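In this analysis, Cβ positions are derived from the backbone assuming ideal geometry, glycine residues included, and neighbour counts consider all displayed protein chains. Numbers and lists here come from the model and the stated rules, or from a named source; nothing here is a laboratory result.
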Amino acid sequence: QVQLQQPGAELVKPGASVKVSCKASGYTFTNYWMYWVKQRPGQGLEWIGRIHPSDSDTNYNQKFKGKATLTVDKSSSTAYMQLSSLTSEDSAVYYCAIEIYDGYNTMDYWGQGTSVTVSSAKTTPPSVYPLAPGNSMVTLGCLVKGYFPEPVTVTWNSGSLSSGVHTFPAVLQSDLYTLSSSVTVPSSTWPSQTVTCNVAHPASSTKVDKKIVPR
Amino acid sequence: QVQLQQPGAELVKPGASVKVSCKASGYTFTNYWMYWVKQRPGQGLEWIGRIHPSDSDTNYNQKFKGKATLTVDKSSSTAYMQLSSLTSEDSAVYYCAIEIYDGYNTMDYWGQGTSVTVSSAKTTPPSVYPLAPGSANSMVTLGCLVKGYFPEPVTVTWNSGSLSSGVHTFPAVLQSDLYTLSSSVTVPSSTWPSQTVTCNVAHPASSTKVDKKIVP
Amino acid sequence: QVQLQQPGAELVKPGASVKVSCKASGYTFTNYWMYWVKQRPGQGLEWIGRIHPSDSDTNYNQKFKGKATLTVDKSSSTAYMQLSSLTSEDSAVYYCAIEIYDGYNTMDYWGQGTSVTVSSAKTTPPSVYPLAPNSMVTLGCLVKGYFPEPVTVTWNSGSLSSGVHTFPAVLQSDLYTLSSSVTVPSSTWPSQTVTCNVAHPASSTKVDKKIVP
Amino acid sequence: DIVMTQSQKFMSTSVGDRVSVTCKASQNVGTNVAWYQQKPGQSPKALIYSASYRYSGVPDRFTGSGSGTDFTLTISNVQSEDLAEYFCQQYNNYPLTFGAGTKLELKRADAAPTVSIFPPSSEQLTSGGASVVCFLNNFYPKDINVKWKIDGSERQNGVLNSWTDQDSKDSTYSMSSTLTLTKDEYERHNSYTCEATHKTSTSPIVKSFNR
Amino acid sequence: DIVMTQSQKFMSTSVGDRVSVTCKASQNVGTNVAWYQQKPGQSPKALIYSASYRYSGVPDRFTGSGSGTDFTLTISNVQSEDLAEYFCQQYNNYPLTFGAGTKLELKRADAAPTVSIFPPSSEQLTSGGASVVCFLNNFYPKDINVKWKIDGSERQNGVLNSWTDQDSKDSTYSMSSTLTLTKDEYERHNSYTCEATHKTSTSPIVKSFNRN
Amino acid sequence: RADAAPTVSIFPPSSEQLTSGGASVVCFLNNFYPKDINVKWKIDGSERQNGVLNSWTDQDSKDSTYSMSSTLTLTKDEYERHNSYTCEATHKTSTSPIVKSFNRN
């Protein structure tokens, strides 16, 4: 299967540099242009540039002339975008993407996007707290408090519990992020069965599974 | 699951330095004190120091101030203890440990310990020889000779851990800069030689994993 | 693998009959004598008889001569023991057993035993009730009002076997009731799920009861 | 550079009905216009290329039209799963430029919030902090007022509010409100009340607990 | 530094009985005292904190008591699985200091050793060396003597002996004795004998094999 | 083996059982020695013997101790007519009985 693997988050100090990777697999790496898109938080999409891994031919957006440099490593089938002289305006999600037309259909494939955060603050892993109640349905919750930087992934019962889930956007407060997640299940499900909130913070290599225990 | 992950062993030349790693997972790395304990071969426990990974605040045993340095890497949730100017007295097992009180119960969590050996000798993988009884009871004793390795430790299991009862694994003995230990298992005569009995030996210091079948 | 498969229980009316089966597998059925042993609940071992599946040659205890009948079915590798005119004295566990010497070792093989209950009462499945309440915590499982014996009680499908006390059943008005306790670390419960698994093959009952706070 | 306008920042319709987006290009871009869909938290998804051609897997409900400078994206039989931001983009000249984006909104009847309150967990209390969490789930419209009361006195500090986007299942909204105190301050009071004021009723929805 | 003095280096009892190990602090440490259990080859395990409170999973058989300078760890209903070294620790003052450790022993009846001898494997003979191994398993008490005879002649050069700790199942001891020779010297003789002298018999337990 | 005091645990009737109009209060007395032991049931301080059934395990295959489960079975009406349910264990390991109890409330 065609895949574009991108790391989750990159925390880089101001003035420093960073190299964002995009590992391709499942197709001929040197056959399709590799596009790079930047999206700042709560903003729109911006085109950074494109590169053809065959001969490293590039088309740049003049805005990112001295900011971004696209390279490829054909031995590993990996594309790279190096960002230099990092500022707060460079904090964004960076996507790599390709477009394949096989002579029958046209498909687009995107990486998950790398959340580059430019800050002098250090990484802080989240503190995961259970939200258990003190009806035909019951609402359970999960408090993911005091982490940095973005993002975190929250799932319920390793993704097996998806309906009735509300995961709330993270809010930045006192240099730290905090979010919460609620899940509503039949009263015959909890507390008879296990309900687990799975929190993943890749910037700190953190994976915490917190079960919602009745008291 | 809360886990502390330490490498099994490290072989360092005298006067050099070594950085022991303790990789944490399953909990908020910056919420609990990281403790370090030293145990020399055959001796008791000694407290080296503790470090709080939130702000790298440290408490050091004054005996180890110039010797041990505790750091953390929050981006990988890993604690490090660096030992410098290593001497023979620094050959020991070094544990990392944490203590979690969750408002209900108090649990302790320990790494397996890293066996640090300060020596100028090089690594030698073990030779594993089967101990099969002589030609021609209701129970038969088999064995396994793990000879001529360095440094400690080695792990010995039978049938990948399936055979645990009736097992005697003997402590290693140091002779001529080489370690030797042995292991015996006693099984029913209906088990051997009708079924395979395998001595699994792992020596991490040499990336060695040998599975030696006991053949009649 | 050599094994002897017997049903766990049989409920038969007074004066009626029962036919205990012993399904043999993993070996040549017609090469070894098949033995039958009776054990009243709380008593000793009694020998009923033996039968060779090769030609149905039999040796009987004279005590069970007029009551027990031994037969074999070679097409199904199954031995049978039939009892007739059942009385309350015939309520017991009945074992089939063989002995195999292969020139090197002598192995014995036993069936699980068939609990034969001679009663006019009808089968009743058990009601399984959870028992929920330091460094250790004791949980419990109440298996009330079943008939006849036996029931099989495990914890976490057998994965929880240390610290378990399964108490013998008591009889009251043609109904049995037993309880089982388990002591686990405080970090295990209520954090992780602990399940009481109760099997009653006489009523084709399999109930899994999780211990919920 | 060539500028893609998209005059509307929000488009509104009902489930089952249709919507449309215009995209104005500063110069003639021929038919080299693409349309992307971006649901919250996901990567962009290409819907249309060459003004009117769909990518594989894009349903008939999405139709692109236009040539020259006036391009339109039309979504018919709109369902709650279509809640996303939609961008136009020209690839006729370099550099490649995107539109500002148009977010889809779905109209529906009012719905009162289901409110649930949660005291601080025993685990957090060992850290020296105490967060009280109030969930306000599946309400419409998105405007809502939440107040916290401690023993009758209102607290409008140490509160963290967060709203979900429009729900991809029933087009409702949800809100999380977290009142964070120190453990000492928490144990110095008894009643903790969460009051939700929504246009569905003049009487607030009150959830409270006594510690 | 505070000196945590465990008066006894060894504590003994029988299975099912009770044992108590004391620990003496040189200064008043209040109740900020912890106890640890370490079975052979394993990481230490915390049993007691705050002098008398159990960590989760620690059975109630382990109880702690004392305040100030005198502290006591008591193990009730002792089983073979409780064979370990037990350390007291003070964390009232810095630096944190442990005791010297008290090793638990279990008294039991005598047991004669089960003796097995093993000729050098054909695999080892390709290396130019030859090791003869003798296992002496499940004996009590620990004192035992092994003599290697090569063609009826005692050989004590090249003998490697190793003793296990008390077994965690039946509280017995086991010993492994290896006699290592060169390949050429092993083939220069025929009778190889492992003789076990233990207080359970006036006559040694003899196991021999002939290289033929 | 040496004498050992029992570990006493009391359990009120489950809500699942109360739907059936029956109620069983279970008391566990685990890992004691010797086998001789006396259990007194106190309902609102009054000793009750009617409806009490006892069961002893065989000698434990690990520590050679004994265990015993005492179950007081009454009707749901008789259950909710009282409040204090107490399990008292008298053993030779101590003159004072080990008292485990609960209240309905």
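So the values come out like this:
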| quantity | calculated |
| --- | --- |
| Residue check for residue A:44: surrounded by fewer than 21 Cβ atoms within 10 Å (Cβ to Cβ), within 30 Å of residue D:175 (Cβ to Cβ) and not assigned by CATH to the domain that holds residue A:196 | yes |
| Filtered residue count, the range C:82-101, keeping only those that are hydrophobic (A, V, I, L, M, F, W, C) and over 19 Å from residue C:119 (Cα atoms) | 4 |
| In the range E:141-178, residue nearest to the other protein chains (Cβ to nearest Cβ) [restricted to those that are hydroxyl-bearing (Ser, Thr, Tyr) and touching a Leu at 6+ places or on another chain (Cβ under 6 Å)] | E:178 |
| Hits in the range E:115-140 - residues which are more than 18 Å from the chain's Cα centre (by Cα), at the interface with chain B (Cβ under 9 Å from one of its Cβ atoms) and assigned to a strand (DSSP E or B) | E:116, E:117, E:118, E:129, E:131, E:133 |
| Subset of the range C:1-16 [over 21 Å from residue C:32 (Cβ atoms) and assigned to a loop (DSSP other than H, G, I, E, B)] | C:7, C:8, C:13, C:14, C:15, C:16 |
| Subset of the range D:67-79 (residues that are of a type in the set (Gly, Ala, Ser) and buried (at least 19 other Cβ atoms within 10 Å of the Cβ)) | none |
| Meets criteria (of a type in the set (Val, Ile, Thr) and closer than 30 Å to residue F:33 by Cβ) for residue E:115 | no |
| Some residue of the range C:199-210 being closer than 20 Å to residue F:27 by Cα and buried (at least 22 other Cβ atoms within 10 Å of the Cβ) | no |
| Answer residue from the range B:80-96, given it is of a type outside the set (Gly, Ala, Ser) and part of a strand (DSSP E or B) and is surrounded by the most Cβ atoms within 10 Å (Cβ to Cβ) among those | B:96 |
| Answer from C:19, C:63 - the residue that is outside any loop (DSSP other than H, G, I, E, B) and within 27 Å of residue C:124 (Cα to Cα) | C:19 |
| Search result, residues across the range B:82-100 that are within 14 Å of another protein chain (Cβ to nearest Cβ) and not β-branched (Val, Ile, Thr) | B:92, B:94, B:95, B:96, B:97, B:99 |
| The one condition in (1) in a strand (DSSP E or B); (2) under 18 Å from the mean Cα position of the chain (by Cα); (3) over 13 Å from residue D:104 (Cα atoms) that residue D:43 fails to fulfil | (1) |
| Criterion (closer than 29 Å to residue A:123 by Cα, among the hydrophobic types (A, V, I, L, M, F, W, C) and in contact with a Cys (Cβ under 6 Å, 6 or more places away or on another chain)) met by exactly one of A:70, A:4 | A:4 |
| Condition check for residue C:137: outside the structural domain of residue C:84 (by CATH), under 17 Å from the mean Cα position of the chain (by Cα), closer than 30 Å to residue F:16 by Cα and aliphatic (A, V, I, L, M) | no |
| Matching strands (runs of 3 or more DSSP E) fully within the range B:102-216 where at least 2 residues are within 7 Å of another protein chain (Cβ to nearest Cβ) and out of contact with any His (no Cβ under 8 Å at 6 or more places or on another chain) | B:106-110, B:127-131, B:139-149, B:173-175, B:178-188 |
| Residue list for the range D:82-114, filter: of a type in the set (A, V, I, L, M, F, W, C) and in a strand (DSSP E or B) | D:87, D:88, D:98, D:104, D:106, D:111 |
| Residue list for the range A:117-138, filter: surrounded by 21 or more Cβ atoms within 10 Å (Cβ to Cβ) and of a type in the set (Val, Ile, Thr) | A:117, A:118, A:123, A:124, A:128 |
| Filter result for residue E:190 (in contact with an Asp or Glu (Cβ under 7 Å, 6 or more places away or on another chain) and surrounded by fewer than 16 Cβ atoms within 10 Å (Cβ to Cβ)) | yes |
| Residues of the range E:74-107 that turn out to be within 16 Å of residue E:10 (Cβ to Cβ) and aromatic (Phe, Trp, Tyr), as a count | 2 |
| Residues located in the range A:33-60, provided they are over 24 Å from the mean Cα position of the chain (by Cα) and within 9 Å of chain D (Cβ to nearest Cβ) | A:59, A:60 |
| Filtered residue count, the range E:4-40, keeping only those that are under 16 Å from residue E:66 (Cα atoms) and in a loop (DSSP other than H, G, I, E, B) | 9 |
| Residue in the range C:47-79 that is surrounded by the fewest Cβ atoms within 10 Å (Cβ to Cβ), counting only those that are closer than 15 Å to residue C:114 by Cα and among the β-branched types (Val, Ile, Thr) | C:78 |
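Each row is one residue, and each column tells you yes or no for (1) among the acidic types (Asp, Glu); (2) surrounded by 13 or more Cβ atoms within 10 Å (Cβ to Cβ).
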site: D:173; (1), (2): no, yes
site: D:181; (1), (2): no, yes
site: D:184; (1), (2): yes, no
site: D:194; (1), (2): no, yes
site: D:199; (1), (2): no, yes
site: D:202; (1), (2): no, no
site: D:205; (1), (2): no, yes
site: D:208; (1), (2): no, no
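Okay, residues lined up against (1) away from every other protein chain (no Cβ under 11 Å); (2) touching a strand residue (DSSP E or B) at 6+ places or on another chain (Cβ under 8 Å); (3) among the aromatic types (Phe, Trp, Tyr); (4) crowded, with 17+ Cβ neighbours inside 10 Å:
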| residue | (1), (2), (3), (4) |
| --- | --- |
| E:6 | no, yes, no, yes |
| E:12 | yes, yes, no, no |
| E:20 | yes, yes, no, no |
| E:31 | yes, yes, no, no |
| E:36 | no, yes, yes, yes |
| E:48 | no, yes, no, yes |
| E:60 | no, yes, no, no |
| E:87 | no, yes, yes, yes |
